[PDB]
Structures are given as structure tokens and as C-alpha cells.
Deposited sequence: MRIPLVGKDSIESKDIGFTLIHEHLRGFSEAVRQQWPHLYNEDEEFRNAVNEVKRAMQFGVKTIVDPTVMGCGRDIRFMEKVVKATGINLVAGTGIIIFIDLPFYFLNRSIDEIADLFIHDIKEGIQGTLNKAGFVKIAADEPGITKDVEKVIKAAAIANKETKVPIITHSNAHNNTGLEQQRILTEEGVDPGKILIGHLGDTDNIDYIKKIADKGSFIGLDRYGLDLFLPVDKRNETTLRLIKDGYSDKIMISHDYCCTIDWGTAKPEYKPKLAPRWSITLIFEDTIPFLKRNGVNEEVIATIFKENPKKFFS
């Protein structure tokens, strides 16, 4: 019941070891359209294929790629990467903005925004039959602006209609993650269908625990570390493994490796007493629940 790029859909129970937040490529759509001389698609493709192959060599079965509007989602690029690797790849829909929406959205309703996400979930992405399996939204240093709130409310409509989960970008040093969770739950989204991202950027463990205690997954998803690993280990030590999702990604708005989790983070956890049942919770059971 999870759509996959270039493949038939799969049951959530079969997702296996999952990297929940990794971008194959990211760019600003208007800059790439206007100044293509700044970009090399062939290098981007080779890098993405190599990274996915490296992840598969460490046992990754599924990658969730939350590149959406604002970060250059390209479903045809994603399909080429799948053809070259055989990875299960989950694409999403959504909008990443920090202040205002593009000019297109002037005088358009929240429902019209939600209809875009629902189109991608139910019909397909960018004129293909590859469907979106989650909604991605953001807020950062400017906080919850008028347009940021519109996108959050549209994500809630899409989740209520289609049941796909919601992944967020937040700024770990303000309350944007807590606000995203509150607005979405007030609109009727199940808290366990939300992943509040980019929380590994803060050592304020009480803030992180507050979000998890309210029922949502917490994205310790900036790996690339000790303070992050310390915070991660402390959160694990304190019993929060069933809310933790771990990734590297580095933010797609930035126009390190996808296996640094295997070379740095997981070893560090293991040598500090984290057993293999916790690793399986974080990388298999938590994504299965999120997508269930």
C-alpha cells in the first residue's frame, strides 16, 4: 500500500530496512531553469546511483526521498536511479517554503493547494503513473507565516483524504516543529502519522521529548555528530527508541554520506551499548508504523 517509483506498490510490512529522509538530488527549480550552465545532470546521476548502491550494500531495502516543490523533485530522474539500482524508492509531494509561496498561489485557497498534493497521490507525479506516498512541508527561522500555515493545513487535508503520512522540515532552535505538530493534530491528523524533522540539530532533549510524547516521530535526521549521537544515545537510553527516526540527508535546500549512518552513527551507538533490537526498531519497525 506504499507506491514506489518505477515499481508496483508494496505492503508497508515489506518495507524492510528503510532510510526515511534522503535526497537523491536537490536544486532550486527557477535557478536551474534559468541558468542550466550551473548544473551537471550526469554527475548528479552518477552520484545518486553510487550512493544508493552503497546504501544497498549495507542492507538498505527502501529509501524515502522527500524532495518536493522548492527542492527540484524530478520523478524521471528518480525512475532512472531506480532502473540503475533496483532500490525501492518512495517519492512524495508537498511544498518547502520558509516565508511566502510562489506568485502562482496569489489568491488561491488551501483546498486548491491540497488538490495538488492529492493529484500526486491519487493520479501520479509530473505526468507519470508514479504516485506520491507522503506529504512534505516546512517551516524555519521565520516561523509559522501565513503561507507556511496554508501549506500545513493543505497537508492535513491530503492526509485525511489519502492516509499518507506527513514529514516536516523544522528549525530545531525555535518551536516550529512543535507548532507544525499542533496545527496538524488540531486539523485531525493522527500524531503517529507525523515525522517532525531536523531535531538532531538541538541538544534540548526536553523539547524533543515533548514532541515525541505528543505521539509523533522525531527526526534525528541531520547526521553529517557526537552531540547528535549523544542526544540520540541519551534519547535511546531514556526509552524513546520507538519514536526515533534517523537519517543524514542534509537539507535539500542546500543547493557527509548516505552511509555515514553505517560508518559512524550505528557503530558509535553499538559500541555504547545499543543492541540490535533498538537498531531494528529505529530502521524497520518505526517506518513500518509510519506508513501503516
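Stretches of the deposited sequence lacking C-alpha coordinates, numbered from 1: 1, 226-231, 263-277.
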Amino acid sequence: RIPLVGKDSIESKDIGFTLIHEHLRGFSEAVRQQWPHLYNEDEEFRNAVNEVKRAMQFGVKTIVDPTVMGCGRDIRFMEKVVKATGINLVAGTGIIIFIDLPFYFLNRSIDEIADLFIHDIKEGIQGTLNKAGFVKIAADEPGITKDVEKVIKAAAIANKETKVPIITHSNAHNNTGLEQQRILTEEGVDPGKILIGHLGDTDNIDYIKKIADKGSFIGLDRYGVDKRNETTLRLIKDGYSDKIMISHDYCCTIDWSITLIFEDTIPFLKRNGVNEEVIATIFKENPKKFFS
From here on, numbers count along this sequence of modelled residues.
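As the entry records it, the average C-alpha temperature factor is higher for 211-219, out of 211-219 and 86-94.
Relative to its counterpart among 102-110 and 116-124, 102-110 has the higher mean temperature factor, C-alpha atoms as listed in the PDB entry. In this structure the maximum Cα B-factor among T62, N50, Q33, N229 is found at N229. The residue among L38, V68, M56, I258 whose C-alpha carries the highest B-factor in the deposited model is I258. In the PDB entry, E141 places in the middle third of its chain by CA B-factor.
For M78, the recorded CA B-factor ranks within the lowest third of the chain. Only modelled residues enter the ranking. In the PDB entry, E149 places in the lowest third of its chain by CA B-factor. Among the modelled residues of its chain, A172 has a C-alpha B-factor that falls in the highest third, as given in the PDB entry. The PDB entry assigns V274 a C-alpha temperature factor belonging to the highest third of its chain's modelled residues.
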